[PDB]
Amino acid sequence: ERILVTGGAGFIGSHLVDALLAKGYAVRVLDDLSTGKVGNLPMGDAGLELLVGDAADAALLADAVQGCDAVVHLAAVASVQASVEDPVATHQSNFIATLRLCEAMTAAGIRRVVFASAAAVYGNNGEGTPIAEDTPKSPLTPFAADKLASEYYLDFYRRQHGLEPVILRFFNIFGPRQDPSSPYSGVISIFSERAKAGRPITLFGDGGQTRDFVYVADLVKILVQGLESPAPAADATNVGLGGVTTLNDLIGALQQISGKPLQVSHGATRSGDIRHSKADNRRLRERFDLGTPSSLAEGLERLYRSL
């Protein structure tokens, strides 16, 4: 059995690639290496096949899909801010690739696709509340609108052409191989890289902001279950733990792990920042086997010891 993983050379995708190969799958990666890196992949694993190109390219997707039993669709420009700066270009990666994938899967008779949607589809709705999947949508950026549009098209292909989409709205994923080089990189990747290097961090605001952080290995387990479940539900599932971690908690946790004090410069609160973000993960608990997820401290330590 062969799994196509678009965006398989990236942060989440490469961890998924490792897990699928360890389970005995043949794995085909489609990645344009815009942010993905070949160093993330087990090149030389005989079960792994790398295709380099644009997931929005119809002819290449027809090749990439042939001989595949299922698909995990992770390819997108992950930076929300890149979509603000270039709506036209990012719309190709963040929506057209989904549409093209629907067409290629339908023509080839492949049903199961696991899709990386995003908590950004909610906008600021549900600030301060456990965010359920029926929370009203308010996508504020091209990236968020394209993720939600991808959801709606995937649902149309389900009803009209028999597709089996597994729609997952990721909350704040973290772990090894997450790039900390951009200012808008995940806060954990940035704080961890600075703490390892003994360099100061900048806290934007008072640090009371809370996020529902998910360690990448726990998300990977969900992704694999999405591929293997017999009859997945038709509607979206939040991927969060319902956890509440303040940034000040995160700073203290890293300081304890690094064994050295973290110098904390004070920045203003980011414009448009959501203060309190937490998933209601009832659907996740009901539809998937969550086992015992990594605690924040366990995830931070696995990340920090990998740097």
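We number the residues from 1 along the sequence you see.
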Practice problem: Determine, for stretches 82-90 and 173-181, which one has the higher mean CA B-factor as deposited. | Solution: 173-181
Quiz item: Got a sec? Mean C-alpha B-factor, which is higher, 103-111 or 72-80?
Solution: 103-111
Exercise. Would you mind finding, among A268, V239, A55, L33, the residue with the largest C-alpha temperature factor in the entry?
Key: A268
Practice problem: Have a look at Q225, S117, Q209, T202 and flag the one whose Cα has the highest B-factor in the entry. | Solution: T202
Self-check item: B-factor third for the C-alpha atom of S189 within its chain
Solution: highest
Quiz item: Going by the entry, which third of its chain does the Cα temperature factor of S277 land in?
Solution: lowest
Exercise. Would you check the entry's CA temperature factor for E286 and let me know if it's in the chain's lowest, middle or highest third?
Key: lowest
Quiz item: Relative to the other modelled residues in the chain, which third contains the C-alpha temperature factor of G13: lowest, middle or highest?
Solution: lowest
Exercise. Looking at the entry's B-factor column for C-alpha atoms only, identify whether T135 ranks in the lowest, middle or highest third of its chain.
Key: middle
